[PDB]
Each structure stands twice: as structure tokens, then as C-alpha cells.
Amino acid sequence: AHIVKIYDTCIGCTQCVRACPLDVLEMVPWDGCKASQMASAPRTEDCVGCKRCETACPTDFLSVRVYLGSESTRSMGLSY
Amino acid sequence: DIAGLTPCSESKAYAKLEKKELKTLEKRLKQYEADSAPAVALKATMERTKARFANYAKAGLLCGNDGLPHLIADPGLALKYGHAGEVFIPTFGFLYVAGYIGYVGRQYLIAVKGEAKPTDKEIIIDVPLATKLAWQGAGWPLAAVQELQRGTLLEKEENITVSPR
Amino acid sequence: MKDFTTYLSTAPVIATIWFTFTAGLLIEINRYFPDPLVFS
Amino acid sequence: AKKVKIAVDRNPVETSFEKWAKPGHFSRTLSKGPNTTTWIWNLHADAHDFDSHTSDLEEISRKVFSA
Amino acid sequence: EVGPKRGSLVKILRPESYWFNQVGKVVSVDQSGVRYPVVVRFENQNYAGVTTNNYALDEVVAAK
Amino acid sequence: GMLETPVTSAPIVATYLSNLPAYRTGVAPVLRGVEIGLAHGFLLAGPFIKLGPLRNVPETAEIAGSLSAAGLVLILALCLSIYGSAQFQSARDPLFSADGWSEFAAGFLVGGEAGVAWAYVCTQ
Amino acid sequence: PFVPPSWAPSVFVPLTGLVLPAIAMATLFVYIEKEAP
Amino acid sequence: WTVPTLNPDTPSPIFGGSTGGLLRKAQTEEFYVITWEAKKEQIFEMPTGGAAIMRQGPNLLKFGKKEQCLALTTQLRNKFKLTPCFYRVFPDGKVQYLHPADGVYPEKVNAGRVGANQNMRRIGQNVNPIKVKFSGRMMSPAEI
Ligand code: CLA
Ligand code: CLA
Ligand code: CLA
Ligand code: SF4
Ligand code: SF4
Numbered sequence: 002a003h004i005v006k007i008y009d010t011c012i013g014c015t016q017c018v019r020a021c022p023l024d025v026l027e028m029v030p031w032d033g034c035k036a037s038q039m040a041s042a043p044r045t046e047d048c049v050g051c052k053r054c055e056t057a058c059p060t061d062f063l064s065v066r067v068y069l070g071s072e073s074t075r076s077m078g079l080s081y
Numbered sequence: 063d064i065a066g067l068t069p070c071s072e073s074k075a076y077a078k079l080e081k082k083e084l085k086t087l088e089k090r091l092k093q094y095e096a097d098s099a100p101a102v103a104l105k106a107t108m109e110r111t112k113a114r115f116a117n118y119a120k121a122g123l124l125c126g127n128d129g130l131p132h133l134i135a136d137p138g139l140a141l142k143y144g145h146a147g148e149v150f151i152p153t154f155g156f157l158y159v160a161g162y163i164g165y166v167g168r169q170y171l172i173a174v175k176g177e178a179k180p181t182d183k184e185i186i187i188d189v190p191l192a193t194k195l196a197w198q199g200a201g202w203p204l205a206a207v208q209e210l211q212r213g214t215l216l217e218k219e220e221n222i223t224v225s226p227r
Numbered sequence: 001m002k003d004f005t006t007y008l009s010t011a012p013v014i015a016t017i018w019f020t021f022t023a024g025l026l027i028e029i030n031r032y033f034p035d036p037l038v039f040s
Numbered sequence: 010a011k012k013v014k015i016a017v018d019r020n021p022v023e024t025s026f027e028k029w030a031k032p033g034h035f036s037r038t039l040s041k042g043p044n045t046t047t048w049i050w051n052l053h054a055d056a057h058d059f060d061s062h063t064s065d066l067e068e069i070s071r072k073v074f075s076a
Numbered sequence: 034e035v036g037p038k039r040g041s042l043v044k045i046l047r048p049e050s051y052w053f054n055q056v057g058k059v060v061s062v063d064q065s066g067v068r069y070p071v072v073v074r075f076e077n078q079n080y081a082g083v084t085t086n087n088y089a090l091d092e093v094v095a096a097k
Numbered sequence: 053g054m055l056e057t058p059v060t061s062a063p064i065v066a067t068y069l070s071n072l073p074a075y076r077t078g079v080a081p082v083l084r085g086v087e088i089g090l091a092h093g094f095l096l097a098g099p100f101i102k103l104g105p106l107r108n109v110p111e112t113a114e115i116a117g118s119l120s121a122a123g124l125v126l127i128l129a130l131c132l133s134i135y136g137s138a139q140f141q142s157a158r159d160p161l162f163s164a165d166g167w168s169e170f171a172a173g174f175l176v177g178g179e180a181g182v183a184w185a186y187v188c189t190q
Numbered sequence: 068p069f070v071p072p073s074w075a076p077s078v079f080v081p082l083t084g085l086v087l088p089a090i091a092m093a094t095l096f097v098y099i100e101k102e103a104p
Numbered sequence: 053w054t055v056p057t058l059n060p061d062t063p064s065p066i067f068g069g070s071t072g073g074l075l076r077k078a079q080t081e082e083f084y085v086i087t088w089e090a091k092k093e094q095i096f097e098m099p100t101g102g103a104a105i106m107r108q109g110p111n112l113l114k115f116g117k118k119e120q121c122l123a124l125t126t127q128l129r130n131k132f133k134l135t136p137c138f139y140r141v142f143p144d145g146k147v148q149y150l151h152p153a154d155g156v157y158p159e160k161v162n163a164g165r166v167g168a169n170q171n172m173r174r175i176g177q178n179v180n181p182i183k184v185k186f187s188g189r190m191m192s193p194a195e196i
């Protein structure tokens, strides 16, 4: 399973959640930004490591980071 | 002479080389007419070949056992034995032109940084400004040194972005 | 005509003229001073 | 039974050097001008990709015919 | 009443920022006590094409 | 579902496969091993004899080729055995089990070598 | 005393080139495929 | 909102079939089922290749991996404006429901969700790799 971390520079644009092609991320309430919402990664066991979320994050440096880790059938994206 | 070399004017191999090149040209000549277009061109080549070998010998170059000119790069050996024109003098000839080109480009780049849209002044050149800076670059060594002494040549370390370390 | 002269000021057009000029100067120098090897 | 006939439009475009002085005019993305050197390569890469400049088939066909 | 004035120029001090040691224009400063209220705009885009970013009060200093 | 096709789904093809030793259930794995081994073993001798390095020798060609076919059957028998060890470590057919495959590999060796020997007898 | 027999290559070359590799590959293939208890 | 229950007898779209469908994995490890309601019969594109006609009313499809189900979900939602949901089905007969986990699509913030894998710091405030060395396994400074 890969590791996905959300850092406190998130502005709650939701672009990472929309970009993710496996519904790994979601938005949750927060008080640390104007949007009052923060990205969350509750389902990292389904993450494949495409890093589409990082491509979509506007903040600099990124507020969502993916660290490729142990491989499995789900993370290796196999249908066989 | 220097490093065992000998003047090309006194080199046996150097003289033999000239005959070989002229002999090759002469062989092709005798298959044409006296004043045909090919014959005139070949004769012109032979004249340049003879002139070239006279000029290199007259220049006082050094030839090796190969009978080909060799150049001296040490400034001390060059000025000692009058070989300054091979490498030493051309060294300062190139740097003047190289600094000229670089200094002119740097002046233009600074000039447009003040404009509203510097990027559009780089793809689309401001020719009137470029020509103005092109002529003023002849004195770049003087202008370049004065910038160095006044401390405006280099940026401050605090105004340059660097990666985490 | 202002726009046309602006087109001639674009980078590819300037480079073509500049290198055409620069190359021509070098070619002409070697035409009148053939085989330069030493300043002399 | 649409008849086969000659069909044209008169003076569709104006002949001017204005756009010769505005690189990238054909594309919305590149029309804003360069900020990085990547813009320069994108200009030449997409110059003849008519199908991506406009979604109008008629405009695409007319460019192909004259090209 | 918190942070630099709108439209003023500030120098960025975040080492992990693309614009570290570079000058940008302040667009707005949030007064809601958020973590990174200061918004700065830059004339040169970063590797992702972005030209704006949010910074904390202590990560930005006035030009010079 | 899967793309239907006469090759994948035809009556004549299905019946032919169902009669092959591999798919003929109800037969002891050892017996299926012998039946499969004999067929492959008999064929395996052909190419070695005709195209081997000693093919042009009058009488040594038959012996050398068949002896090499016997060797290849021995190597194949090892491949069958270790495959069963790796695959079956912990279903309808007895063959696909640790006990069944071990018998299957043993039968293949006995049948295969018999087929190679039987092929040699045909020549001489 | 040291000199090996003149037939040593005939035995050792096939042994180390065809036999031991076969056992080594079989040993390694079984080992990697083996499942933990 | 309550967790929907899958109906295995739901009709499936009109599709001839292809070679890009389920493999032996579906029979041994798991597969995925996506269901949705269709306002009218329409042609859509199968993520496995080809075109299929969705019947009016409920529709059901089976796919080999999760990404295929969520790829079809994006098509149906964005273009045809439908609202699909899919499950994970195991060979033992168990059915697991997901997307939407709580009934609301993750793009929209919803109360009751608990933040996960959230670090209350920036990327630049992680410790150096030397400080997480010999921790029993390869560990990034972001993990701690
Ligand atoms: C790139 C490095 C380099 C090297 C390896 C040499 C090597 C040499 N140089 Mg040259 N030289 C160089 C750069 C170099 N030079 C530069 C940049 C300049 C200034 C433009 C000179 C100016 C120069 C002069 C004026 C003379 C030499 C001479 C020499 C020779 C002996 C002395 C010497 O320099 O010893 C090794 C070199 C170095 C340690 C580097 C510095 C050398 C200084 C600049 C010159 C030393 C001259 C020396 C005191 C002369 C004493 C008399 C000599 C007959 C023994 C030797 C072949 C002498 C010569 O012609 O000998 C036949 C000589 O008269 N050089
Ligand atoms: C594919 C390429 C190829 C081919 C066709 C051959 C062919 C041959 N090689 Mg050469 N060789 C090759 C590549 C090849 N070699 C390479 C790359 C090397 C370097 C490593 C060598 C090194 C080499 C050596 C050192 C020697 C040969 C020798 C031979 C001969 C005997 C081989 C043998 O015993 O096969 C045995 C064959 C089989 C066990 C079966 C072959 C495959 C069968 C026919 C498939 C049939 C399938 C069937 C049609 C399917 C039916 C399906 C249906 C029932 C549904 C033969 C002429 C030997 C010789 O003496 O040559 C004169 C020899 O000493 N080769
Ligand atoms: C060091 C490794 C090695 C060795 C010792 C050999 C040895 C041999 N190879 Mg080569 N080969 C090798 C590596 C090796 N190979 C590799 C790596 C490749 C792939 C690149 C090949 C590919 C290759 C081909 C394609 C061919 C050979 C063939 C041969 C034979 C050539 C001489 C001959 O006329 O035999 C004649 C052979 C005999 C008279 C019979 C010898 C004994 C047989 C093969 C086995 C007997 C087993 C026995 C009955 C029961 C098990 C006993 C055991 C448990 C002790 C010989 C058996 C040729 C051949 O004839 O192969 C069969 C041939 O066509 N080899
Ligand atoms: S991680 Fe990036 S893309 Fe996702 S909500 Fe935060 S700022 Fe937006
Ligand atoms: S790496 Fe890919 S699968 Fe993982 S969270 Fe990012 S976008 Fe989703």
C-alpha cells in the first residue's frame, strides 16, 4: 500500500479529490483555511500511485504527497 | 628548434608535401583544354596552393617530422621566439569579440527588464534599441571593469533563489 | 507596414538575417584572404 | 437529394500582417505570450494541428485546402 | 490591521517555495486567523504554471 | 460476458477435448500420466534422430537421437514434479492436488521413457 | 600426487554444466515459491 | 441515507461481449459491480472497449478492478448526468459497498467524516531521514 499525506497548507480547492481515479481522497470539514475544508485520505489501500492528485494541487509546495510503498494486487492495478 | 621542431621553410618533408599536392592538381589538368573553364579553375587552385605554402614558410612556423605546421601556445615561448601570432595574439582577439557579444546581450536584457512586458521584448526584438547597444559595445572592457569596481556587476546573495539545503 | 516590420523583428527572422549577414562577412573575408592560419 | 454545386463564402478572412506580429494567435492557450521556453516549442508543435484550434469542421477544411 | 498592505512588494522566506528569496505583490491578507492568510502574486510562474500562493505572516518580509 | 466464438464454443471441438487424457475425469492420475507420456515420448524421438549432430552416421544416428529424446523426457519429468510442489502446497479433479500431481509426474516418466523406447524398436 | 586423471573434464564439465545447474534451478524454484506457515 | 443492498438480478445493458472482460481473478480474489438508474435507453462506452446500450431503469455491470468501475462512473455522471454506485464482491458471496462511502460523493464536503492521514505541518517541516533510521523497516520521515 502507498502512503498519502495531506499537509496543513491545503486550501480546500477539492481538485485532488476530483482528479483521483480511484476515490482514495475526500473532503472533510476544517477551520484552518478560508474554505473551511481539508482533503483526507481514508482509503489509501486502493491507491495506485498515479499521482494525479499531486498534478492537481495548486499550493506550492504540494499539500498532498504520495510515497510509493509496498505493492499489492490493488496498488499494482491488476485485473488478473 | 623548439621541442625538436624545425622551421617549415627549412623542412624537407614540408617541401615534399607541396609537390604532392601540386602533382595531384596537375594530373587532373592535362585531361582538359588550355583555356577551358575546368582548366582555368584548376590553375587558380594551384596558384592558391603555391601562395599558401609560401605564406606559412614566410610566417616562420615550425614543422614536425610530419612536415606540417605546429603551433606554440605557451606565452613565454611564443613571445621569446616570435610566435605570438599563432595562439597568443588570437587569444585576445577572440576574447574581445566574445565579450563584445556577451556584454551587448546583457545590456539589452537589462534594458527590457524595466519594460511592462519583458517577455514580449525577447521573442520580438526591439531592433532600434539593439542597434544602439550594438555600437556602444565596442568599449565593453572599460565599461565591464568599472561595473566590477562599483559593485553593480553581481547580484546580492540574498536576492538569488536557492533550493533547500 | 508597422505590423510587417514587427514581423521582421520576430526572433526567427532576425536570426536568419543576422546569421546570413554574419556568415556572408566570414565567407567574404576568406574570399579575399584565403587560408588564414596565423595572424602574422 | 442535395444537389452537387459550387458553394463558397465571400471574403471570409482579411489579408493583414497584424497576426504575423502576434505569435500563437491560432490557439487560445498560446495567445497570451511566453512565460517559459516551453511556449516556443508549443508554438511550432501545434501550428498545423488545425483540428485542435477550432471545433468547426468548415474552418478546418478551408485551412487544409489552402495548406 | 495584520500583515503587509495590499499591493505592496514582499520577499518570500519559505525555503520549500519556488519563489524563495524573490519579490511578489500582496493581493490580500486574511483577517480570520487562518494559518496562511497572506496571498502573494508573482510575475514568473512556477513549474506547475501557478503564479499565486499563500504564505504565513512570518514567511514574508517587506522588499529589503 | 466473454466474446462467444465457434472456436471457443462449438459442439465438435468440445467433444474432442473432453476425450483427451487431460480432460477425461474419472481416470486415476497415474494412468493419465502414462497415456500422456507415451504420446509425447513417441513423438519426441523424431526430430532428434533426423536433425541431430550424428544424423548422417548410418547406425549411430538412431541410438544417439533416441538416447537424447530419453534425456529430454527425464528433464520434463522433473519440471512436472517441481511444478506440483510449488502449485499444490495446501479441487474437483484429483489431478489438481499435491497427491494427484505427484502420481501424474511419475506416470509421465514411465510412459514417456516407454514411448521413447517403443519408438526406437520401430526403427530397429 | 596432485595431477587429476586424464578423464576428469569428461565427468566434471557435464556435471557442473548440466547436472548441478538442473538441481540448483529446481532447488531455487521450489524455495522462492514456498509459502510461509 | 442507508447503505444500499445489491440486487444480483438487476438487468444488464445490451452488450454483445468482448475479450476485455473478467478473468480468473474474479473467480478467486474479487470483482466489482456497478449499478445505476437510466432515464432512457442510450449508448455509452465500455471501459473494457466497445459500445453498450443501457436499458431504461436499473442497470448492472461487472468489472475486474475498481478503477474500471470508477471510470464508467465518471462518464455516466459527467455526460449523461446519472448517479451510479458500485460494490466490491468476494467469491465467498460477501458484498462490500463503496463510492459513495457515506452517500455523498467525496468531492462535496460532508459533516461526520473524520480526517485521515492529515499532517498538521508543511512538507518542509519533516525530519531528516537519519532520525527515522533503524526503526525496524524502511520508513519515510513523512510517516512519523
Ligand atoms: C598554463 C600554465 C603554464 C605552464 C605549464 C607554462 C610553462 C612554461 N612557461 Mg609559461 N606562461 C604561462 C603559463 C604557463 N607556462 C602564462 C599564463 C604566462 C603569462 C601570460 C606565461 C609566461 C611565461 C614566460 C614569460 C616564460 C614562460 C616560460 C615557461 C617555461 C619555463 C618556466 C615556467 O613557466 O615554468 C612552469 C610554469 C609555471 C609554474 C606557471 C607560471 C609560469 C610563469 C608565469 C613564468 C615563469 C618564467 C620563468 C621565471 C623564466 C626563468 C628563465 C627560464 C629560462 C628558466 C615553461 C615551458 C619561460 C620560457 O620561455 O622558458 C623557456 C618564460 O620565459 N612562461
Ligand atoms: C529456432 C532456431 C533454430 C533452429 C530451427 C535450429 C535447428 C537445428 N539446430 Mg540449431 N541453434 C539455434 C537455433 C536453431 N537451430 C541457436 C540460436 C543456437 C545457438 C545457441 C543453436 C545451436 C545449435 C547446436 C549447438 C546444434 C544445433 C542443432 C540443430 C539441429 C537439431 C536441433 C534439435 O535437436 O532440435 C530438437 C527438436 C525438438 C525437440 C522439437 C522442435 C520443435 C517441434 C518441431 C515443434 C512442432 C510443433 C507442432 C507443429 C505443433 C502442432 C500442434 C497441433 C498438434 C495442434 C537443427 C538443424 C544440432 C545439429 O547437429 O545441427 C545440425 C546441434 O548440435 N543448433
Ligand atoms: C556445459 C553444458 C553443456 C553440455 C555438456 C552440452 C552437451 C551437449 N550438447 Mg549442448 N547446449 C548447452 C550446454 C551444453 N551442452 C546449452 C547451454 C545450450 C543452449 C544454448 C545447448 C544447446 C544444444 C543443442 C541445440 C544441441 C546440443 C547438443 C549437445 C551434445 C553435443 C555432442 C553430441 O554429439 O552429443 C550427442 C549426444 C548423445 C549421443 C547422447 C548424450 C546423452 C543424452 C543427451 C542424455 C542421456 C540421459 C540418460 C539416458 C539418462 C539420464 C542420466 C543422468 C541422470 C546421469 C551434447 C550432449 C546437441 C545434441 O545432440 O543434443 C542432444 C544439440 O543438438 N546442445
Ligand atoms: S491537497 Fe491541494 S488540491 Fe487537495 S484540497 Fe488541498 S490544496 Fe486543494
Ligand atoms: S496517487 Fe493516484 S490513486 Fe493515489 S491518491 Fe493520488 S490520484 Fe488517487
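Protein chains in written order, with PDB author numbering: chain C, 2 to 81; chain F, 63 to 227; chain J, 1 to 40; chain A, 10 to 76; chain E, 34 to 97; chain L, 53 to 142, 157 to 190; chain I, 68 to 104; chain D, 53 to 196. Even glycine gets a Cβ: it sits at the ideal position worked out from N, Cα and C.
Cβ distance (whole Å) where residue i is taken to contact residue j below 8 Å
i, j, result
"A192/F", "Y170/F", "6 Å"
"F96/D", "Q120/D", "The Cβ separation is near 14 Å, so there is no contact."
"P65/D", "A123/D", "That belief does not hold up - the Cβ atoms of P65/D and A123/D are roughly 15 Å apart, past 8 Å."
"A164/L", "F174/L", "About 16 Å; that fails the 8 Å criterion."
"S41/C", "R165/D", "7 Å"
"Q79/D", "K92/D", "Not really, about 35 Å apart at Cβ, beyond 8 Å."
"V73/E", "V93/E", "7 Å"
"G36/E", "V62/E", "4 Å"
"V141/D", "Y84/D", "7 Å"
Beta-carbon spacing of residue i, residue j below 8 Å
i, j, result
"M28/C", "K118/D", "no"
"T223/F", "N77/E", "no"
"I64/L", "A74/L", "no"
"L139/F", "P131/F", "no"
"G199/F", "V174/F", "no"
"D24/C", "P158/D", "yes"
"residue 206/D", "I86/D", "Summary: the structure shown does not reach residue 206/D, with chain D confined to residues 53 through 196, and so no result is reported for it."
"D55/A", "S64/A", "no"
"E148/F", "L133/F", "yes"
"residue 221/D", "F62/C", "In the structure as shown, chain D begins at 53 and stops at 196. Residue 221/D is therefore absent and cannot be evaluated."
Rounded separation between residue i and residue j - CA only
i, j, result
"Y88/E", "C11/C", "12 Å"
"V86/I", "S77/I", "13 Å"
"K101/I", "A138/L", "6 Å"
"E88/F", "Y32/J", "24 Å"
"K38/E", "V59/E", "7 Å"
"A20/C", "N169/D", "18 Å"
"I49/A", "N130/D", "34 Å"
"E23/A", "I151/F", "58 Å"
"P100/F", "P36/J", "26 Å"
field: Meets three-Cβ-pair contact criterion under 8 Å: the segment 75-92 of chain F and the segment 106-125 of chain F
entry: Because the criterion of three Cβ pairs below 8 Å is met, the segment 75-92 of chain F and the segment 106-125 of chain F touch.
field: Residues of the segment 26-57 of chain A with Cβ closer than 8 Å to any Cβ of chain F, in chain order
entry: Within the segment 26-57 of chain A, the residues whose Cβ lies closer than 8 Å to some Cβ of chain F are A30, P32, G42, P43, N44 and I49, listed in chain order.
- request: Could you tell me whether the segment 60-75 of chain E touches the segment 4-17 of chain J, where touching means 3 or more Cβ pairs closer than 8 Å?
  value: Contact between the segment 60-75 of chain E and the segment 4-17 of chain J is absent, because fewer than three Cβ pairs lie under 8 Å.
- request: Mind checking the segment 78-96 of chain F against chain E and listing, in chain order, the residues whose C-beta falls within less than 9 Å of any C-beta there?
  value: Of all residues in the segment 78-96 of chain F, none has a Cβ within less than 9 Å of some Cβ in chain E.
Where the segment 121-138 of chain D meets chain L: residues whose CB sits under 8 Å from a CB there: Listed by position along the chain: nothing, the set is empty.
Residues, ordered as in the chain, of the segment 169-195 of chain D that lie near chain C by beta-carbon distance below 8 Å: From the segment 169-195 of chain D, only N169, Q170, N171, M172, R173, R174, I175, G176, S192, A194 and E195 have a Cβ closer than 8 Å to chain C.
task: Please list the residues of the segment 55-67 of chain L that have a C-beta atom closer than 7 Å to any C-beta atom in chain D, keeping them in chain order.
output: If the cut-off is 7 Å between Cβ atoms, the segment 55-67 of chain L has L55 and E56 near chain D.
query: Of the residues that make up the segment 105-116 of chain L, which ones have a beta carbon closer than 8 Å to any beta carbon in chain I?
result: Correct list: empty, as no residue qualifies.
query: Taking any Cβ of chain C, which residues in the segment 36-62 of chain E have a Cβ under 7 Å from it, in chain order?
result: Listed by position along the chain: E49, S50 and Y51.
- prompt: With contact counted as at least three CB pairs below 8 Å, one residue from each stretch, are the segment 46-66 of chain C and the segment 83-98 of chain F in contact?
  reply: No, the segment 46-66 of chain C does not touch the segment 83-98 of chain F.
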